[PDB]
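What follows is a pair of forms of the same protein chain, given separately as structure tokens and numbered structure 1 and structure 2.
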Structure 1
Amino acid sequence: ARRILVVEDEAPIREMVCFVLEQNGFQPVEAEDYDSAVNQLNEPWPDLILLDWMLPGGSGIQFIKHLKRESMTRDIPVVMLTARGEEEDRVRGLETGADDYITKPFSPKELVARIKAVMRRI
């Protein structure tokens, strides 16, 4: 119920995210790229995925769209991680299937708020 898959290749950033999550009672799981993220999709299944738009190895769009093909993954909420500004406004306009978005450098308060709100919904 608190298994959060964190898909971010930059170590310090990925660690900042995991620290905020762990300190807040969540159980973070790390992935550094498209394929390693895909390798985490099995029981126990992530309850939420934080997806870096710029993850190496593939398209964040296809990653999300491919989740909708199976029972155990189609209702997992995905929050797209985006760089503040241009990328953000831009990615928001794409057909990604993301349930919500969070901008980097991230705000610990926004990270927890959006995860709380997204899970309440989805």
Structure 2
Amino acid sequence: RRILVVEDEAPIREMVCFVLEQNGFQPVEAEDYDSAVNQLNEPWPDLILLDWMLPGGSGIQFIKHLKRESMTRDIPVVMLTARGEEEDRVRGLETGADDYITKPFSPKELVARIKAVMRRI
């Protein structure tokens, strides 16, 4: 299963890709809004793991991009972000995120939530 990992802090992104590799996934990297848009293409990701605060546009705006395009609107998105306030968790979910995980995170819970979401398609 391919996972688009969207995260601008390169050492965190690489750590996340390692956890995912070790858990059976094939991650692909995007470091900002525009890279995520461009990287979002064939071969399609099975899921998009998405930071909120990114150069060039937020992950909220990215979900709006995904959901506006009939070709991408069914691709699951799980947010993984330092924005932990209730208002933000609700905002992410309501925009279209299938789940929303806050930093710092447990690598076991991260993988468990991704696989839970993947079970639901």
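Start at 1 and count along the sequence of structure 1; that gives the residue numbers used here. For clarity, a rigid core is taken as the largest C-alpha set superposing within 1.5 Å between two forms.
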Quiz prompt | 2 Å-or-more CA mover between structure 1 and structure 2, where superposition uses the core and the choices are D33, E88, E30, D47 | solution = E88
Quiz item: Relative to the superposed rigid core, does the CA atom of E70 travel 2 Å or more between structure 1 and structure 2?
Solution: yes
Quiz item: Superposing on the core, what C-alpha displacement does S59 show between structure 1 and structure 2, in angstrom?
Solution: 2.8
Quiz item: Taking the rigid core as the frame of reference, how far in Å is the Cα of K116 displaced between structure 1 and structure 2?
Solution: 0.4
